[PDB]
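Down below is the structure, laid out as structure tokens.
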Amino acid sequence: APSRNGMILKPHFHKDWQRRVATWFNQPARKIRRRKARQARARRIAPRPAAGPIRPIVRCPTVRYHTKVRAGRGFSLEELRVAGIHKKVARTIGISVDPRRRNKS
Amino acid sequence: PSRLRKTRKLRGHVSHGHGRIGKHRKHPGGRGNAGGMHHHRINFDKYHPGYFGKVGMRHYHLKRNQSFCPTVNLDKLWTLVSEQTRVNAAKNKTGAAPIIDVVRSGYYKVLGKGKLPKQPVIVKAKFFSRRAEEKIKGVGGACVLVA
Amino acid sequence: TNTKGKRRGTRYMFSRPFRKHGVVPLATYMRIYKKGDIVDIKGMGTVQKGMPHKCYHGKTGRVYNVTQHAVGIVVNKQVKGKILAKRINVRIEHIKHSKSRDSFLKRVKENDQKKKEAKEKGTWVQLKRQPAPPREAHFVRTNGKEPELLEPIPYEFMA
Amino acid sequence: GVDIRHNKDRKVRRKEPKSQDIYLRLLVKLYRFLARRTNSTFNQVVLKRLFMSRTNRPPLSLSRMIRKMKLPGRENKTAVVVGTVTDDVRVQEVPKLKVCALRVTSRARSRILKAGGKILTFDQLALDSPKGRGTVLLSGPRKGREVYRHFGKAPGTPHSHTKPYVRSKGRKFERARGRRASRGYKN
RNA sequence: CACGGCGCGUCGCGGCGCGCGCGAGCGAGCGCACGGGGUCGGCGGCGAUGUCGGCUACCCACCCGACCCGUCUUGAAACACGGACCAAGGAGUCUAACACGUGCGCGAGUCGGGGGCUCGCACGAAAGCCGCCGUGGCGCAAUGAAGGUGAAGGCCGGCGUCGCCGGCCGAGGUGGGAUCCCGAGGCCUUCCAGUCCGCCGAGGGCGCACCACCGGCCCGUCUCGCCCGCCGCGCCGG
RNA sequence: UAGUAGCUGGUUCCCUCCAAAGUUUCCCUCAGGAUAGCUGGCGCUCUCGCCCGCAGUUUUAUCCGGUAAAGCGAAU
RNA sequence: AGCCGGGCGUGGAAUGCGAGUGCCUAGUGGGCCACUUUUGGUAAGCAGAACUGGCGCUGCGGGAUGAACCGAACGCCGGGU
RNA sequence: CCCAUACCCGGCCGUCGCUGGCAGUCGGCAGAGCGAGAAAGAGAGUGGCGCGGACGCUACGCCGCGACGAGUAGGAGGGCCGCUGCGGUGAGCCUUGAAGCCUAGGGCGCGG
RNA sequence: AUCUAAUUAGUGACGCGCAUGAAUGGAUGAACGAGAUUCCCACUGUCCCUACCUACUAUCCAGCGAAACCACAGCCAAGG
RNA sequence: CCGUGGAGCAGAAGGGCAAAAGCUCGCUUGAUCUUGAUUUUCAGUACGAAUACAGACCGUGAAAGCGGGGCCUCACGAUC
RNA sequence: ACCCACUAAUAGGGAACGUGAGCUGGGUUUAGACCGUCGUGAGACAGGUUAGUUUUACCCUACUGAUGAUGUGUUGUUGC
Ligand SMILES: [Mg+2]
Ligand SMILES: [Mg+2]
Ligand SMILES: [Mg+2]
Ligand SMILES: [Mg+2]
Ligand SMILES: [Mg+2]
Ligand SMILES: [Mg+2]
Ligand SMILES: [Mg+2]
Ligand SMILES: [Mg+2]
Ligand SMILES: [Mg+2]
Ligand SMILES: [Mg+2]
Ligand SMILES: [Mg+2]
Ligand SMILES: [Mg+2]
Ligand SMILES: [Mg+2]
Ligand SMILES: [Mg+2]
Ligand SMILES: [Mg+2]
Ligand SMILES: [Mg+2]
Ligand SMILES: [Mg+2]
Ligand SMILES: [Mg+2]
Ligand SMILES: [Mg+2]
Ligand SMILES: [Mg+2]
Ligand SMILES: [Mg+2]
Ligand SMILES: [Mg+2]
Ligand SMILES: [Mg+2]
Ligand SMILES: [Mg+2]
Ligand SMILES: [Mg+2]
Ligand SMILES: [Mg+2]
Ligand SMILES: [Mg+2]
Ligand SMILES: [Mg+2]
Ligand SMILES: [Mg+2]
Ligand SMILES: [Mg+2]
Ligand SMILES: [Mg+2]
Ligand SMILES: [Mg+2]
Ligand SMILES: [Mg+2]
Ligand SMILES: [Mg+2]
Ligand SMILES: [Mg+2]
Ligand SMILES: [Mg+2]
Ligand SMILES: [Mg+2]
Ligand SMILES: [Mg+2]
Ligand SMILES: [Mg+2]
Ligand SMILES: [Mg+2]
Ligand SMILES: [Mg+2]
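Chains as they are written, first to last, in the authors' numbering: chain L, 2 to 106; chain a, 2 to 148; chain T, 2 to 160; chain Q, 2 to 188.
This is how it looks when you write it as structure tokens:
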């Protein structure tokens, strides 16, 4: 029942929410495991960059962010061809390549 | 902490601060927001007018990004650039005016609220207001639109 | 329970006095009310336009707005445990200047005048209205006639 | 038996700060002594305001301070505020002021020191002026907090411009029945 | 008789009142007490195996008082209900949301909660750091269903019967307002000239926060009416 | 599934201070709620050691009324 | 009618008393009794109202006994009335 | 003439108020006051032997005056009241005897 | 009307039937009924009006041994 | 000729009304468009009803004026 | 309530409308049935009819009886 004055609230606890609860007590262990895997892969690929393949310059696709510049999924075939890089050799020498991206500009 | 709570001081009083005539029963008035129009009508009308009913048009696939348009005011307009910029423009004698781009700092529309210091400015933005335009013109300066 | 009609129980309050029905005398219409006069409320049933509610009958308020035919007045009403100063619009028939204020105004003028006077004389004069003081000592002169006896009369039935 | 009421027998005002830090308590000791051994009431006011809570010591802005000290007659006097002096960015010219406050924002302090004024703390204020002559006692806007827009005469009631408690602002949240003549009634 | 010096005594009405000087407003001791709450600088007995002290607590006697608790109830000792007795257990907790009050840090900003860097690892699953990891949240702008719009102005010189450019000044006004400023006068002693410093104080200022009221500005809507702009002079825009 | 219960029963230490209501309005409302009222807590703005206000009171003025009484040789 | 400026304090009845203001808020929403006024009822320790005070929430002296009557309201004690 | 927890006088506890007082413990480097009907300076200046003196002040402390003290439902404050575990600390205690339990013993606190 | 000394009972008639009635069956009826009623004969302790006798208990003892229930408990009159 | 209302004013009752609020004629559609304020029940919330205004278009009258329904007190309805 | 008979008279009442751990259970008042009226129906009837489990005392007191206690030194007899 409403008290004197306050906000109308709609708590979404009308289901059996107590059976599906995600506690985060394994967060530090997860961070430690991810780190260990990261360094293990970095050691595995001996001289190669730890981050991975280089990626391209892209513009965010929205009025809210079109002023910013991201890191894209991969270089497209038009760019590879005009840069003189074969689409199959780029991946094995360290260039991320995707064929979906176009080039309007 | 349980040490400081009212329950500790309430031990020994049969009632537990809930009365003898009207007990502490489960849900005397109904659960949640029940009876908003029937037996809590007075409270709803007194403290949340306009709760019941419909108004306006429905827009199905709303995308906030289309309507994203942060605003800035003229009193804050000079804070976008460094102080050294403003003082250099102030004691400059060639009449050159510094360029302030609010889109670079993350603003899209310039609204004219505050007083503007008397020195020429080249304000470039995406949207302007009539009063902001007239303030800039009166102080001496230029308004530039960008897309 | 009772009825919530606007004129319930007013058969004597809104009625006209005995042998005083008919045309309203024009002097009531020909009085001037300005902003801020203290004024009395007395509902008159002869005219039904702008009749005040029965709970303001016999109440005294202050004029705050003057209009073509009516006057807006602020008057206090006791509602339960609180008093509200509420403003109502009454047509000019049901209204009458309060004479409780003019006495104080005349007293103000008069004691201000007697304060301005005797200021050069330097004498002392009383302005505050002191309460009725106890009677002072005096002499009661008998003129040679002795006071006559008073005795209770004997009981004897009339009816 | 005595015919009296004990409801308002006990007054509620603060006798000492609810805070537990030691610097404020030392200031309270000093100004307690000053107030009880000096006839000046400036010390009493300052000590009372030291006792007060955070929401009763609202911050004072640089623009407010310069505006209230630019008034005629109060030149070269020390502005005393028991709150926090925060910087105002929508003011370019700042004069030289002699400020005293419990704490000052870093940017505000930089601005005043660059302008040429000096910052004082209530201790040194005691040394400079024990009875506090040449002091302009200021305070921030107490009604500045947004909670005061929800107070007073209840909404949904005629001639009440009181902000309701709504979880989100929009066209679907408290706009239909009590807010329109088209749907029910308009208060 | 809570009268007591000498003067100059009009400081005066006829002397009394009542003023001006008299090393300049300094006589000292002892003592008694109906005097800002009790002292005695007064005494007397009984003390080693039968006596001294021990409020309370152990038992007993007497006088007065005294109905069994808890609970619902207008009303409980009730011919209302629960209770043979004892031990142990036994009931406003935790999460989320919101509101308000309080304490702390920073402050027009604030916050790493997610991730990453730190030789992973007793504590340590902690702690530190990131700053071109502040994405992002809340706040800094509101209003309108929406298209959308989006928060002062006040004075002089240039054509009052100014079109209209400059010179400026700058974010109202009234009332009440804690504090502060000023300050007519006023705060002592041989006199007299004459200061310094500090306190007092008529009136008068500047007026915080806050309240009330009057204006002003922004958005929607209504009424009235005229003017202005052009890349496209229009069912245009202001 | 520890189903719901506006309905019974119970609801665990001490001292100190303050201290009620069974009334208004709405509800398929009448063994219950919401809302005013009554309570407490937290404060804050001033005040005195010329003056401000306030009052379950009186006084002086000034209005308001149709009960007790009375009347039917006055209206009904 | 609103604005400005100026002059008037013997603070213009008695009595008493510091006042104003803002948040958050529990319990309550079965009542009962008495003088007086009063409706229904033959009447009732009945049913229903108005004012004030009580009981409920309250012990104490008295009415032998007693929720309400008369007196008087309460920290632990000594004396007096 | 008798007596209530009423009234008067006195003692003690507590609460509230005076938003009362005290940093002045200013000592042979000193001079012991700010109770006294009257808003304010024991004001500063310039000319005509014996080496001595109690307590205090955990200022969250100490001290002084007045008034007051009923209480269910309920609200608030203080508990050097109590139980269990954790971080500190007591150069803590303890087989020359800890915890627990029993007691016609001695005491403290209004009470826990 | 009969039954009895006496009959709210029973039986036989009367029918204006609060509200009888025809396979929601009406009327009758031999035989039958641990079915429901009234009267008569016989018989009797049902009664007037109680008494006596027998067996097993109850009673006391040896052995063995619970349960219900329990605020505290247990003499009355009146008052409130 | 007398006639203070002893009639009538739609309805219950009460109040009010005489060159009128009654009766008879003439002309009309203020029963129209619009923003606010206030009163009545009241929590001082709605609905309903009502009161003074203000801004346009009108009606009527020679005009002053009066009129945004019925002389007043009742004849009515949220969200979706 | 009425009647028959006797009698001296066949007066009226209370005690939780005395008295169910005293009886009985004929009546009311469960569940089975039948009829009449009512209801579309399940069903209803202060209408009629028929059949329908009546539990416990060993506690306290009261009461009826039975030992005994109490003082006179112990006992006994006779007594008031
Ligand atoms: Mg509640
Ligand atoms: Mg309690
Ligand atoms: Mg409740
Ligand atoms: Mg609850
Ligand atoms: Mg007392
Ligand atoms: Mg209080
Ligand atoms: Mg006795
Ligand atoms: Mg009970
Ligand atoms: Mg009760
Ligand atoms: Mg019983
Ligand atoms: Mg019960
Ligand atoms: Mg029992
Ligand atoms: Mg236990
Ligand atoms: Mg709340
Ligand atoms: Mg449960
Ligand atoms: Mg119920
Ligand atoms: Mg109940
Ligand atoms: Mg009457
Ligand atoms: Mg009469
Ligand atoms: Mg109840
Ligand atoms: Mg009654
Ligand atoms: Mg009381
Ligand atoms: Mg009492
Ligand atoms: Mg008696
Ligand atoms: Mg005594
Ligand atoms: Mg005393
Ligand atoms: Mg108490
Ligand atoms: Mg023992
Ligand atoms: Mg027979
Ligand atoms: Mg027959
Ligand atoms: Mg038939
Ligand atoms: Mg047939
Ligand atoms: Mg049949
Ligand atoms: Mg045996
Ligand atoms: Mg006419
Ligand atoms: Mg008009
Ligand atoms: Mg008409
Ligand atoms: Mg019996
Ligand atoms: Mg039977
Ligand atoms: Mg049956
Ligand atoms: Mg036996």
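For every residue, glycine included, the Cβ atom is placed at its ideal position computed from N, Cα and C.
Could you tell me which residues DSSP puts in a beta bridge with residue i?
i	result
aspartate 102 (chain a)	a:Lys125
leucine 138 (chain Q)	Q:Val81
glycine 37 (chain T)	Paired residues: none, contrary to the question.
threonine 61 (chain T)	T:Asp41
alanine 84 (chain L)	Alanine 84 (chain L) is not bridged to any residue.
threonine 87 (chain Q)	Q:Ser62
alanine 71 (chain T)	T:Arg92
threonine 72 (chain a)	a:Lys110
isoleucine 96 (chain L)	L:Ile55
When the distance is taken between beta carbons, is residue j closer than 8 Å to residue i?
i	j	result
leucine 126 (chain Q)	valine 46 (chain Q)	no
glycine 157 (chain Q)	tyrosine 48 (chain a)	yes
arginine 88 (chain T)	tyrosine 57 (chain T)	no
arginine 132 (chain a)	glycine 113 (chain a)	yes
residue 1 (chain Q)	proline 18 (chain Q)	The question about residue 1 (chain Q) has no answer here: the residues shown for chain Q are numbered 2 through 188.
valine 100 (chain Q)	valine 86 (chain Q)	yes
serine 16 (chain T)	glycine 46 (chain T)	yes
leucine 11 (chain a)	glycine 18 (chain a)	yes
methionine 52 (chain T)	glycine 62 (chain T)	no
So which residues on chain L does residue i lean against when the C-beta distance must stay under 7 Å?
i	result
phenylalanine 129 (chain a)	Those do not exist, as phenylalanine 129 (chain a) stays about 17 Å from chain L at its closest Cβ, beyond 7 Å.
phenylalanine 69 (chain a)	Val64, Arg65
What is the DSSP secondary structure of residue i, counted as helix, strand or coil?
i	result
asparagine 188 (chain Q)	coil
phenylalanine 76 (chain L)	strand
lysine 99 (chain Q)	strand
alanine 116 (chain Q)	helix
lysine 7 (chain T)	coil
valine 80 (chain T)	strand
Chain L partners of residue i, CB-CB under 8 Å?
i	result
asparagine 93 (chain a)	Simply none; closest approach about 29 Å.
Which residues in chain a sit within 7 Å of residue i, going by Cβ to Cβ distance?
i	result
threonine 158 (chain Q)	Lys47
Please list, in chain order, the chain a residues whose beta carbon lies closer than 8 Å to that of residue i.
i	result
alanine 155 (chain Q)	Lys47, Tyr48
What are the residues of the stretch 63–88 of chain L that lie near chain a, defined by any Cβ-Cβ distance shorter than 9 Å? Residues are counted here when their Cβ sits less than 9 Å from a Cβ of chain a; for the stretch 63–88 of chain L these are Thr63, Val64, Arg65, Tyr66, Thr68, given in chain order.
Of all the residues that make up the stretch 162–187 of chain Q, which are near chain L by a beta-carbon distance shorter than 8 Å? Those residues of the stretch 162–187 of chain Q that come within reach of chain L (Cβ to Cβ, closer than 8 Å) are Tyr166, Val167, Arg168.
Give me the subset of the stretch 24–56 of chain L whose CB atoms are less than 7 Å from a CB atom of chain a, sorted by chain position. With the criterion set as a beta carbon lying under 7 Å from some beta carbon of chain a, the stretch 24–56 of chain L has no members that meet it.
Taking a cut of 7 Å between CB atoms, which residues from the stretch 83–102 of chain Q lie near chain a? Those residues of the stretch 83–102 of chain Q placed with their C-beta closer than 7 Å to a C-beta in chain a are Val90, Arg91, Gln93, ordered along the chain.
Give the residues from the stretch 60–84 of chain a that approach chain L closer than 7 Å (Cβ to any Cβ), ordered along the chain. Listed in chain order, the positions of the stretch 60–84 of chain a with a beta carbon within less than 7 Å of a beta carbon of chain L are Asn66, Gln67, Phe69.
When you check each C-beta in the stretch 16–30 of chain a against every C-beta of chain L, which residues fall closer than 9 Å? Result list: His28, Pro29, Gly30.
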